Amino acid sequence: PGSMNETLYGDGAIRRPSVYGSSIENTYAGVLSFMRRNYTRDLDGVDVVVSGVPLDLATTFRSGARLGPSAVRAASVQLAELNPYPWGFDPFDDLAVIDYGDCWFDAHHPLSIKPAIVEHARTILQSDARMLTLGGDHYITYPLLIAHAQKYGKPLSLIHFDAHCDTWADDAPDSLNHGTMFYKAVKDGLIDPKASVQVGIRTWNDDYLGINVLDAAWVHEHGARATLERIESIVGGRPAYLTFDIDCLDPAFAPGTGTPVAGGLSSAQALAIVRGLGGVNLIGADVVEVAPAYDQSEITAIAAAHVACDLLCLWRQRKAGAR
């Protein structure tokens, strides 16, 4: 440890002295941080912080998303072995990404959870790192948006991939519900519906609150490039937060989720869209609702890890293009 010209074969997440660079791993072993990034709470010189919020108390059907962050970390091992495709660079050579670990909260006092998540995000945002957050159920995005609006102003543009709009009316602000937190976000003025977009939608709301909806059928009909171009058109250059609910994907591709809805996107379609979002002013992102107890050979977590990897690459390109 620390010896001159020490080669780092294995366990880079706990051994690498710098936030930059990859190191050799056996894919089936080694410390399982997200894409093997350094485990640390030190935020100096960091561009992106990956962290987990292991919540499933706000779920309406199956529970299990509390284990989502660990599942996505475990599923990210192969993505660490090679330069991401089609990017063809190692993003960690010039993008400083760490794994913070998780947002602790006291589940047994559930009204403390929302402020715990706001404070977690507030703390990270004081560093000027971007947040890439692994869920956990979709409720987490509401306090994340609160903290993001503090830093980046309001209203924000939301880019929301989901089978569900999560904007069903809820007359109780204090409720812990993964299906009504974007109703609250709109009512709080956190997000601008006319400059926001929901992609892969295939469930019904009497009032989508004026948010642009590109439903699953629309995506299938028009294709990924058309979808990507419509997203760019809607958000323009506004500060945008991207929230990816893995149940956007068809249950064939994402069986490991609490509220599966037939007729969704393939991972190919979703990734083609995410990979093309380089023109967007992406301020923060999350990937939510992975429930490993319902996963099958980790395929859901693997797809979630790919989304997260492509989000990192988008940030690498933004940093490298401004250099």
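Residue indices: 1-based, along the sequence shown.
Judged by mean Cα B factor in the deposited record, 148-156 ranks above the other of 148-156 and 104-112.
As listed in the deposited structure, the average C-alpha B-factor of 52-60 and of 37-45 is greater for 37-45. Residue set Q78, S196, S127, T167: peak C-alpha B-factor at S127 (per PDB entry).
Looking only at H138, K184, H120, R230, the residue with the top Cα B factor in the deposited structure is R230.
In the PDB entry, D93 places in the highest third of its chain by CA B-factor. For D245, the recorded CA temperature factor ranks within the lowest third of the chain's modelled residues. For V274, the recorded CA temperature factor ranks within the middle third of the chain's modelled residues. When the CA B factors of the chain's modelled residues are split into thirds, the value for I299 lands in the lowest one. Among the modelled residues of its chain, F253 has a C-alpha B-factor that falls in the lowest third, as given in the PDB entry.
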